[PDB]
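When we count neighbours, we look across all protein chains shown, and the Cβ atoms used for this are built from the backbone with ideal geometry, even at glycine. What is reported rests on the model, the rules as stated and the sources as named; no laboratory read-out is quoted.
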Amino acid sequence: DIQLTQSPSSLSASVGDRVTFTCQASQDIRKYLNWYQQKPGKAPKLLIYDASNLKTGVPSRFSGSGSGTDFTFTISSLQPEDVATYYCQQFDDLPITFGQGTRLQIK
Amino acid sequence: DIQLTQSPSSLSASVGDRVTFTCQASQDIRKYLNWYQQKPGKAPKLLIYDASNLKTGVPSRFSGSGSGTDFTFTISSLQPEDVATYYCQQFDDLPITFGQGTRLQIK
Amino acid sequence: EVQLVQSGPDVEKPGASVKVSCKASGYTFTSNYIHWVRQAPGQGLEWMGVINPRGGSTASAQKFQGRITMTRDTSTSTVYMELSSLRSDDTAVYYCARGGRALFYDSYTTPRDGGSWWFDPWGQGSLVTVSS
Amino acid sequence: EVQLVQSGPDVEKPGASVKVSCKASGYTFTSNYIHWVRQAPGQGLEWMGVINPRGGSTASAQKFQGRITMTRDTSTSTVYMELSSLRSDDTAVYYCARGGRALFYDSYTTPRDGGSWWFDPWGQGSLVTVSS
Amino acid sequence: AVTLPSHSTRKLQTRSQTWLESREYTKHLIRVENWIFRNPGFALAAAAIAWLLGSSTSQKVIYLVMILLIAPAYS
Amino acid sequence: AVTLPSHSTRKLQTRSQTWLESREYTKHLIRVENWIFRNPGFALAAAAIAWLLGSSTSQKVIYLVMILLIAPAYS
Amino acid sequence: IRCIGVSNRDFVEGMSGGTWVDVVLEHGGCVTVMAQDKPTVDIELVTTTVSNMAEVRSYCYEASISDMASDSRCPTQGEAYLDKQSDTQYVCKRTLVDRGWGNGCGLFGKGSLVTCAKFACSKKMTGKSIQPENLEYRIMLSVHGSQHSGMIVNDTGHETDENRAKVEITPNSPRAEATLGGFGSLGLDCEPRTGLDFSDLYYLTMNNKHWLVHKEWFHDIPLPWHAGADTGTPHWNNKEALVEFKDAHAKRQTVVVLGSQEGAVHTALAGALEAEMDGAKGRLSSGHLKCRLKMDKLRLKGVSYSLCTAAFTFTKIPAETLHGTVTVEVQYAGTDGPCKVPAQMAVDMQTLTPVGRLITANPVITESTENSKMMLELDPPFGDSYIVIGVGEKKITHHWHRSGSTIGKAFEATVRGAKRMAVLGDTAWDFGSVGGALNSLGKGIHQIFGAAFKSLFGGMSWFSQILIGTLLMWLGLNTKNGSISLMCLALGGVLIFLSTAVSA
Amino acid sequence: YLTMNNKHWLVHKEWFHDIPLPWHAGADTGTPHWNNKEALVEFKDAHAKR
Amino acid sequence: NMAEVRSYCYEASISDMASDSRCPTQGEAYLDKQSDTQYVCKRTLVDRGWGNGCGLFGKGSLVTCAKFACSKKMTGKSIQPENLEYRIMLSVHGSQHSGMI
Amino acid sequence: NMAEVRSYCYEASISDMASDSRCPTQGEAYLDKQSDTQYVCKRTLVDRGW
Ligand SMILES: *[C@@H]1O[C@H](CO)[C@@H](O)[C@H](O)[C@H]1NC(C)=O
Ligand SMILES: *[C@@H]1O[C@H](CO)[C@@H](O)[C@H](O)[C@H]1NC(C)=O
């Protein structure tokens, strides 16, 4: 149901790098995608609603874009408190699907 | 829901005695009573159906009688394999009630 | 021979549900009402209820309506009693025995009785212990 | 503050049913859809279903049809998820977060979303372990 | 929830007094009495209706009784 | 104790739904329906009565409706 | 805004001279008014509250009997004493009992006993009365203008008056000092003394639920009376609907409590109006109110507000109400400041011909940043039409296909007029803005017909007026020439016509 | 034969079937499944909403 | 001996009152509680708009469901023309004084 | 994007058949495996003699 492929599986970068994440749905999701980072077993940190918008309280180093079905998340400067598992979430039609995940590691 | 009083609570007699048990229902159960002896935690031994009748396989030392509401069970000769807990059971109106019980002990 | 054989003893938690089986042998399974009768250790016998193995209809006592459910299995010739909302009072030994003149369904009160009203078939019984 | 708080971890047997609570604080309880989302240790997140705390309406995924049911409690402002027919696959961590636009009753999706679509009040993550 | 089977439909006529017979043999009449006390204009309306039916001057009174006992009870 | 003031006598006609309107607009008709199901012979009796009044062949049906709605309700 | 998709909404003509219109607003179904480049504004009555009510007659629908009493004065030995029958808590019906050598008597005949048992009460029902004093309406004003989608269910945002203004109206001050921040006030004056026939209705209370009650019905209940109030246990009046004791076989007295009459009286009300009551404050729905609106303090906020070429992207997919209007929500993509956005219905090309009618007059953007969401109510013509938003070149359009003729709108208006003149009676004739001797005649004829109609056929409801309508129509099919020829089509039709639109 | 609380009547069966209250039947089992159950409740909405 | 024909409730206790609505063309209303058959359900047509929630505009279905539990009921037992005994008292005028009970 | 109105069922299969017949007095029949919506029931009349 509305498969949502998340590329890549896991990454690693040093402090202060720019990194991009891709999520591709098999169907047209308009602008209905969301972005999580989840620290393991913890209350998470907030990234993106509506595939392009930051929330109040979020630091501005995170950004999101994407128009048709391909969506790009972007961290401008990697920080040591940004190691988490990164997820993207469809909103359309129901059986609301998450991505598989994207893990990071501090170099 | 007919209350079925069984007298007495427990007895004791020697081998070869005659003993009688009384069951009194609060309402008219005219010939619808039957009698159990149950060895503790075991498959039981059969006494009386229809308040006056023996079953095939039962030894003839057991007998039952009773017409209106008072019913008398009678062992002619007590034997050491007749120690059990003795019950009487109503048949009528179907909240089917048992007696409290009657235990025996070998002297 | 004509015999009802039950499952082993069970230990369950309070608030759960227990299931006790009762399998027949030696007679036509759809010809004898299976009556379930409990027995607390410090108390006498107490009739739980009745199922017909034909058609699977049930009836039971006032102390357990809503708490007991009786199902059948005509293929394996087995009777299932499921007692739900268990409490510490339900620690007992459960019995299941026939009673004939079991032609159509329900109970059969005013027609004939006796001759293992439900005396014979009982077998080993099932200890059910409700604790933590 | 705006926060959902859940019950502790539970250990259940296979074939039983587990119940997980989700209590609200800091907002009007009848104004935000409570979505339940599972997570196996390895496998990412997976949406279980949705209840409206107003009117107690539910919907859920196709992988749980007949296995899950969600009830409410408007007085204590609490959401109960009862997952029945437990398997060894159900050993996971369960979450509950408010969808948000929760005007009338059930999921609403062609209208607006986002702003904690459901990414804010996620209680804690009730570990549910199904084994013997 | 309107418990419509009035058991006076199937009353038993045995030699004892019934369940509410003493309060039963007045109740419909005093219901009609209270209704025509509260709605006096329907008497003139039913007279104008019943005068238009029958043309017999003794069937008029019959239609009056019919309408003025329909209007409290089956209304 | 027969709580004879049915408030349908003085119903309020405001734009909301009333107290029992949905279950009110069928109740007298299905009461008459159950009564004529339980007493079918009074239909033939009321036909023989109403055929003797009016002599007009269209007033007969009116007397039939009158008697067969008197007999369930104010009876 | 407070009135889109809320249906049984009506809209009235305009300003028509005097700048002073009349409208009978009500609890469910609200009125948009629109008038000649003044801001169109809609009004809803939602919760009419009544405080400070007094308690006329109560009723006790249960009984609690005890202690009974007894007499047994042998025949021809007189009448019996029983001191308890002197006290007023006890109830008595002296009966006659046949006696003989069995019952302890020398002579034969009737003995005149009465068991006088002690009446008591539990769970009474109260019949509280209201006068037009201490009454309230809480009307709401919600000018179309420019609001979001989330600000039309939003009740809290009336604390600052953008366009939402709650207005408390009491009958001791029947004028609404009703200011609307951003432009001028409205200032509607009411007639709450001619409300929904007050001082003829009582709040009947049984247990935590309350409903309105016509007073003649209320005084016609046969249960005990409890005339004033509840201090201690009272003197219960009339005592005979409850506890019933009779005699059969000349053995004692069947003394029956006669139980509990909740379902009896709940079946007995089938024309009641359920209210709710909290600290007393009896809040009430199903009211109607004849507040006449006064224009000419209204003024369009910023008619100038330069045209603002920009980019228009829709927030949401627009829709179509059942009163044939279209609701559009645009983003404007945030160019600059508070400024007007024009819209058009186009039967011609993408541009350059307006048809239809905009409902919301002077639609505007309030704030400079990215997505200001203005919602527009529009009225397409009966055929096909596109929607044009501001810029002459760079814009996005639609298609609608209105799907209803002008004759269908006329038939729907006559069906609404049927439901108006059925529910509100003569007062429904006060939607049309002030008409001199036209609507005065059309209100006077109906108020001199409806009074006599309430006097004749006031006591008949759905199934008992269907019968009289059918019968009088049958009479008018076969009568003479003259008055009775024009009798059926005017009166049996109006009976079945007042029946079949009450609801339904 | 008909038992209310402690009071007992003899009624007709053609009367007793026709009563519009929720009936039970004869199955004496748990949730007594009350048929009807529509007589004894009444579902009242607003003018349009809840 | 008696035989239980129908039982009639009176004093009903109502809780859990569920409710579910659907956008005006998204089908009939439903909620899991309808599969319980202890609960009472009706389906009315309500409005719906942007100020109602979701929909196009128009009228959509709304079900509300309430738990039904009973407290007072009639048992309603049966009488068959067997099973009964009439008691008849025979009394002879003669050597007896002031008797009758 | 498409909404989801009524599905239907055009091919069925039934599980175990339960019956519960009642005498000519003691009224109509109940069958405890009724009052769940997974089972479909209809009631008929049988001679029920000796
Ligand atoms: C309702 O209005 C308040 C202002 O009083 C505002 O803070 C809130 O965001 C609004 N909510 C919605 C859903 O529009
Ligand atoms: C009443 O009782 C007395 C003694 O207890 C007895 O002698 C007498 O016969 C009885 N009365 C009648 C009428 O039999």
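Within the stretch I:45-60, being more than 7 Å from chain G (Cβ to nearest Cβ) and under 24 Å from residue G:503 (Cα atoms) holds for I:45, I:46, I:59, I:60. Scanning the stretch A:8-20 for residues that are more than 14 Å from every other protein chain (Cβ to nearest Cβ) and part of a strand (DSSP E or B), we see that the one that is nearest to residue A:97 (Cα to Cα) is A:20.
Being over 30 Å from residue G:174 (Cβ atoms) and touching a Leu at 6+ places or on another chain (Cβ under 8 Å) holds for only one residue in G:94, G:57, and it is G:94.
Taking the numbered list (1) surrounded by 17 or more Cβ atoms within 10 Å (Cβ to Cβ); (2) more than 22 Å from residue B:47 (Cα to Cα); (3) touching a residue at least 24 places away in the same chain (Cβ under 8 Å) in turn, residue C:87 passes all entries but (1).
Of the numbered conditions (1) under 22 Å from residue A:93 (Cα atoms); (2) surrounded by 19 or more Cβ atoms within 10 Å (Cβ to Cβ); (3) in contact (Cβ under 8 Å) with a residue 60 or more places away in the chain, residue A:21 fails exactly one; give the number of that condition. Going through (1) under 22 Å from residue A:93 (Cα atoms); (2) surrounded by 19 or more Cβ atoms within 10 Å (Cβ to Cβ); (3) in contact (Cβ under 8 Å) with a residue 60 or more places away in the chain one by one, residue A:21 breaks only (1). From the residues in the stretch D:47-63 that are more than 12 Å from chain I (Cβ to nearest Cβ) and free of Cβ contacts under 8 Å to residues at least 40 places away in the same chain, which one is surrounded by the fewest Cβ atoms within 10 Å (Cβ to Cβ)? Checking each candidate, the answer is D:62. Of the numbered criteria (1) assigned to a strand (DSSP E or B); (2) within 13 Å of ligand 1 (Cβ to nearest atom); (3) within 14 Å of another protein chain (Cβ to nearest Cβ), the one residue G:166 fails is (3). Residue pairs whose Cβ atoms lie under 9 Å apart, sitting 6 or more positions apart in sequence or on different chains, and linking a residue in the stretch G:64-88 that is over 22 Å from residue G:236 (Cα atoms) and assigned by CATH to the domain that holds residue G:250 to a partner that is β-branched (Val, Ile, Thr) and surrounded by 14 or more Cβ atoms within 10 Å (Cβ to Cβ), are G:71/G:114; G:71/G:115; G:72/G:97; G:75/G:97; G:80/G:114. Scan the stretch G:42-61 for residues that are of a type in the set (A, V, I, L, M, F, W, C) and in contact with a strand residue (DSSP E or B) (Cβ under 6 Å, 6 or more places away or on another chain) and jot them down. Across the stretch G:42-61, the qualifying residues are G:43, G:45, G:50, G:53, G:54, G:56, G:60. I'd like to check something: does the stretch I:80-98 contain any residue that is away from ligand 2 (no atom under 16 Å from the Cβ), under 30 Å from residue H:4 (Cβ atoms) and within 8 Å of another protein chain (Cβ to nearest Cβ)? Within the stretch I:80-98, one or more residues are away from ligand 2 (no atom under 16 Å from the Cβ), under 30 Å from residue H:4 (Cβ atoms) and within 8 Å of another protein chain (Cβ to nearest Cβ). Checking the stretch A:65-80 against the condition returns no match, with no residue being out of contact with any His (no Cβ under 7 Å at 6 or more places or on another chain), aromatic (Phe, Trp, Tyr) and closer than 17 Å to residue D:120 by Cβ. Of all residues in the stretch G:133-162, those that are within 30 Å of residue G:340 (Cα to Cα) and either of a type in the set (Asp, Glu) or more than 14 Å from every other protein chain (Cβ to nearest Cβ) (or both) total 11. Selection of the stretch D:8-45 for residues being hydroxyl-bearing (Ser, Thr, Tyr) and touching a residue at least 12 places away in the same chain (Cβ under 8 Å) yields D:17, D:21, D:25, D:27, D:30, D:31, D:33. The single condition among (1) surrounded by 18 or more Cβ atoms within 10 Å (Cβ to Cβ); (2) without any contact (Cβ under 8 Å) to a residue 40 or more places away in the chain; (3) of a type in the set (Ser, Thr, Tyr) that residue I:61 does not meet is (2).
Working only within the stretch G:203-223, note down all residues that are more than 14 Å from residue G:274 (Cβ to Cβ) and either at the interface with chain F (Cβ under 7 Å from one of its Cβ atoms) or in a loop (DSSP other than H, G, I, E, B) (or both). Passing the criteria: G:214, G:216, G:217, G:220, G:221, G:222, G:223.
Each residue in the stretch G:312-333 was checked for being part of a strand (DSSP E or B), more than 31 Å from the chain's Cα centre (by Cα) and among the charged types (D, E, K, R), and 1 pass. One residue stands out among those in the stretch G:13-48 that are polar (S, T, N, Q) and in contact with a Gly (Cβ under 7 Å, 6 or more places away or on another chain): the one that is surrounded by the fewest Cβ atoms within 10 Å (Cβ to Cβ), which is G:36.
Restricting the search to helices (runs of 4 or more DSSP H) fully inside the stretch E:9-75 and requiring at least 1 residues that are farther than 25 Å from residue G:499 by Cβ gives E:21-24, E:27-38, E:59-73. Considered as a group, the residues in the stretch G:363-393 that are closer than 20 Å to residue G:319 by Cβ and of a type in the set (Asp, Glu) include one that is nearest to the chain's Cα centre (by Cα), and that residue is G:377.
The requirement of being assigned to a loop (DSSP other than H, G, I, E, B), away from chain H (no Cβ under 14 Å) and farther than 19 Å from residue B:43 by Cβ is satisfied by residue C:76.
Within the stretch I:1-40, the set of residues being small (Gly, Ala, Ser), more than 7 Å from every other protein chain (Cβ to nearest Cβ) and under 30 Å from residue H:5 (Cα atoms) comprises I:13, I:15.
All conditions but one from (1) surrounded by fewer than 18 Cβ atoms within 10 Å (Cβ to Cβ); (2) of a type outside the set (D, E, K, R); (3) touching a helix residue (DSSP H, G or I) at 6+ places or on another chain (Cβ under 8 Å) apply to residue G:268; the one that does not is (1). Of all residues being surrounded by fewer than 19 Cβ atoms within 10 Å (Cβ to Cβ) and of a type in the set (S, T, N, Q) in the stretch G:441-464, which is farthest from the other protein chains (Cβ to nearest Cβ)? Just the residue, please. Among them, the one singled out is G:447.
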